[PDB]
Amino acid sequence: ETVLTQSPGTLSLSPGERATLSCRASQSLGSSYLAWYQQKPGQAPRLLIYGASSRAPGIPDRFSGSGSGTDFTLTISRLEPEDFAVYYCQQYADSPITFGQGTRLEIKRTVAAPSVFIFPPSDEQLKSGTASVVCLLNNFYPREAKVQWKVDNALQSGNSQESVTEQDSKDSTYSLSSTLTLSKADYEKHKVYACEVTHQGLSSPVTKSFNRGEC
Amino acid sequence: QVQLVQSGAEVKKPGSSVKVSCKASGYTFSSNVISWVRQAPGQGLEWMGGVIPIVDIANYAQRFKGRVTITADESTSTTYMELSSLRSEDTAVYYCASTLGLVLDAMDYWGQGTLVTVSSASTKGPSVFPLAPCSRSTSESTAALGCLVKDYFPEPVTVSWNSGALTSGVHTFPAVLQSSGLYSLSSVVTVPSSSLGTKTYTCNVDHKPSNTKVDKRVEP
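Read top to bottom, the protein sequences are chains A and B.
In terms of my numbering, the first sequence is residues 67 to 281.
In terms of my numbering, the second sequence is residues 9 to 228.
In structure tokens, the structure reads:
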């Protein structure tokens with residue numbers, strides 16, 4: 067299959083600025099067989115451009131598409147607040163149809179370090195044989211952040227899940243929650259529970275921790 | 009109004025099969041081709057195949073060949089996507105979309121999507137646990153509290169704070185489907201440190217499928 071690679075992974079701009087999004091195909095698509103879509107959270111994709119350069123019905127003139135062969139570009143001449151969304155290219159020069167991995171067009175703002183919080187499991191939960199430990203990274207920018215869980219300095223893997231909020235419409239930040247899950251048996255084998263956070267707004271990683279027994 | 013209306017959310021066990029429908033209405037001329045595209049939560053778009061209703065001829069992405077069947081009922085302007093041998097990787101929103109004219113083409117009208125969740129779980133109300141700090145330094149101008157809304161099925165839950173009186177500073181996170189096949193979600197609020205211990209914070213969790221309503225006052 068033809069692979070489409072979009073760049074940049076995240077484009078960070080302000081309303082009023084010009085946005086240029088790139089799609090590179092692993093083989094030639096001609097000057098036609100490429101479309102661009104916009105997608106917002108909870109909604110279906112919306113067609114913007116077809117035939118590489120043609121605007122779909124009702125799409126404003128600030129959207130345009132160009133390119134041929136392997137290299138295609140979507141331009142938004144002057145960003146509106148409603149344009150901040152994820153964008154995908156799609157090729158249809160041969161089967162199967164494939165899409166790029168998406169470009170996140172987000173609102174740029176000053177760097178903001180997260181406020182970091184760790185929460186021990188409740189006694190209520192412990193009653194039932196499971197312990198969940200939760201780490202909150204609150205109101206940070208940009209979106210890239212890394213959480214590492216340590217249990218008595220042992221770096222954990224495979225026993226955590228996380229999720230991230232959509233960029234806030236007022237303050238342009240993100241927040242992230244990570245949950246470490248362990249059996250009550252394992253939880254009680256150890257003392258120090260820590261979450262280490264790495265982020266551009268932090269001169270060095272910040273760790274929040276507690277000791278089981280004092281919490 | 010040109011519209012593609014899909015059938016409702018589905019839950020199926022691993023190994024089973026699912027059929028989703030898409031009813032077209034409001035087209036002056038019926039579409040030559042309906043395509044099916046899916047998207048796993050947080051991931052990209054994946055085209056599955058399409059069908060030409062007037063001849064009921066489908067085409068497929070080879071990675072789904074032999075597991076996906078797309079059919080058309082031209083008489084009811086409906087198409088169907090059936091996917092068999094379901095695995096966890098098939099949990100996704102499934103969209104139908106009509107094309108600009110051809111099989112290999114751009115897609116201009118889209119259905120609302122159908123969520124298909126592959127889980128062995130039965131309906132189950134959440135357990136609601138407090139998220140409360142055990143310690144908090146004086147160099148912290150803000151504090152956080154929350155609740156962990158654990159082990160429920162299916163989606164959604166609705167989480168409010170102080171019976172809906174508290175909305176500022178709240179983040180309710182996307183749920184994660186756990187390897188157990190149950191969901192878990194957290195909802196947190198950040199407050200000035202001086203409000204911790206002088207004000208009361210209660211999370212209210214409503215899970216309609218299990219007719220569950222739980223209030224949890226969050227304290228250290």
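For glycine and all other residues, C-beta sits at the position ideal for the given N, C-alpha and C.
Distance cut-off 7 Å: residue i Cβ against heavy atoms of the ligand MN
{"i": "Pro81 of chain A", "result": "With respect to the ligand MN, the structure shown offers nothing to examine, as it has no ligands at all."}
First through last residue of the alpha helix (DSSP H) which encompasses residue i
{"i": "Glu83 of chain A", "result": "Run containing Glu83 of chain A: none; DSSP gives neither H nor E here."}
{"i": "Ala105 of chain B", "result": "Not the alpha helix (DSSP H): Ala105 of chain B falls in the beta strand (DSSP E), residues 100 to 107."}
{"i": "residue 286 of chain A", "result": "Lying outside 67 to 281, the shown extent of chain A, residue 286 of chain A is not represented and no answer is given."}
Presumed contact (8 Å Cβ cut-off) between residue i and residue j, rounded CB distance
{"i": "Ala140 of chain B", "j": "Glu227 of chain B", "result": "6 Å"}
{"i": "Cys201 of chain A", "j": "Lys274 of chain A", "result": "7 Å"}
{"i": "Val272 of chain A", "j": "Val263 of chain A", "result": "5 Å"}
Chain-ordered neighbours of residue i on chain A, where CB pairs are closer than 7 Å
{"i": "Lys221 of chain B", "result": "Near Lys221 of chain B there are no residues of chain A at all, since even the closest Cβ is about 18 Å away, more than 7 Å."}
{"i": "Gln70 of chain B", "result": "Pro162"}
Residue i: contacting residues in chain B (beta-carbon distance under 7 Å)
{"i": "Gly168 of chain A", "result": "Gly52"}
{"i": "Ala122 of chain A", "result": "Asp116"}
Beta strand (DSSP E) segment containing residue i, residue limits
{"i": "residue 233 of chain B", "result": "In this structure chain B extends from 9 to 228, so residue 233 of chain B is not present and cannot be described."}
{"i": "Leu139 of chain B", "result": "135 to 139"}
{"i": "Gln47 of chain B", "result": "42 to 47"}
{"i": "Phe138 of chain A", "result": "137 to 142"}
{"i": "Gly58 of chain B", "result": "54 to 60"}
{"i": "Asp81 of chain B", "result": "76 to 81"}
{"i": "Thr87 of chain B", "result": "86 to 91"}
{"i": "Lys212 of chain A", "result": "212 to 217"}
{"i": "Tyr259 of chain A", "result": "258 to 264"}
{"i": "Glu18 of chain B", "result": "18 to 20"}
{"i": "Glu228 of chain A", "result": "226 to 230"}
{"i": "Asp116 of chain B", "result": "115 to 118"}
{"i": "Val126 of chain B", "result": "122 to 126"}
Residues that residue i contacts on chain B, provided the C-beta gap is smaller than 8 Å
{"i": "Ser97 of chain A", "result": "Result: empty, since nearest Cβ-Cβ is about 15 Å, beyond 8 Å."}
{"i": "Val177 of chain A", "result": "Chain B residues near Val177 of chain A: none, gap ~18 Å exceeds 8 Å."}
{"i": "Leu77 of chain A", "result": "Per Cβ cutoff of 8 Å: no residues; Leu77 of chain A is ~16 Å from chain B at best."}
9 Å Cβ cut-off: residues of chain A touching residue i
{"i": "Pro164 of chain B", "result": "Those within 9 Å of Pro164 of chain B in chain A number zero; the least Cβ separation is about 12 Å."}
{"i": "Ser143 of chain B", "result": "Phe276, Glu280, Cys281"}
Neighbour list for residue i in chain B, Cβ cutoff strictly below 9 Å
{"i": "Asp160 of chain A", "result": "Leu112"}
{"i": "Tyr154 of chain A", "result": "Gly52, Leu53"}
Partner residues on chain A for residue i, Cβ-Cβ distance less than 8 Å
{"i": "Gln120 of chain B", "result": "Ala110"}
{"i": "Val184 of chain B", "result": "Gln227, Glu228, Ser229, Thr245"}
{"i": "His215 of chain B", "result": "Correct list: empty, because the minimum Cβ distance to chain A is about 17 Å."}
Any chain C beta carbon closer than 8 Å to residue i
{"i": "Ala101 of chain A", "result": "Looking for chain C here will not work: the only protein chains present are A and B."}
Going along the chain, which unbroken runs of the alpha helix (DSSP H) with 4 or more residues stay wholly within the segment 152 to 195 of chain A?
-> 189 to 193
Length-filtered (3 minimum) beta strand (DSSP E) runs lying within the segment 83 to 133 of chain A | 85 to 91, 100 to 105, 112 to 116
Cβ contact (3+ pairs, closer than 8 Å) linking the segment 169 to 187 of chain A and the segment 144 to 161 of chain A | yes
Evaluate contact between the segment 98 to 106 of chain B and the segment 155 to 164 of chain A, counting only Cβ atoms and requiring at least three cross-stretch pairs below 8 Å.
-> no
Should the segment 19 to 38 of chain B be called in touch with the segment 84 to 94 of chain B, which here means at least 3 C-beta pairs below 8 Å?
-> yes
Touching by the beta-carbon criterion (3+ pairs, under 8 Å), the segment 140 to 151 of chain B and the segment 41 to 55 of chain B | no
Every unbroken beta strand (DSSP E) inside the segment 159 to 227 of chain B [3 residues or more] = 166 to 169, 178 to 180, 191 to 200, 210 to 215, 220 to 225
Does the pairing of the segment 147 to 160 of chain B with the segment 184 to 199 of chain A give three or more beta-carbon distances under 8 Å?
-> yes
Contact between the segment 84 to 98 of chain A and the segment 128 to 139 of chain A: three or more CB pairs below 8 Å?
-> yes
Touching or not, the segment 210 to 218 of chain A and the segment 167 to 180 of chain B, by the rule of three or more beta carbon pairs under 8 Å?
-> no
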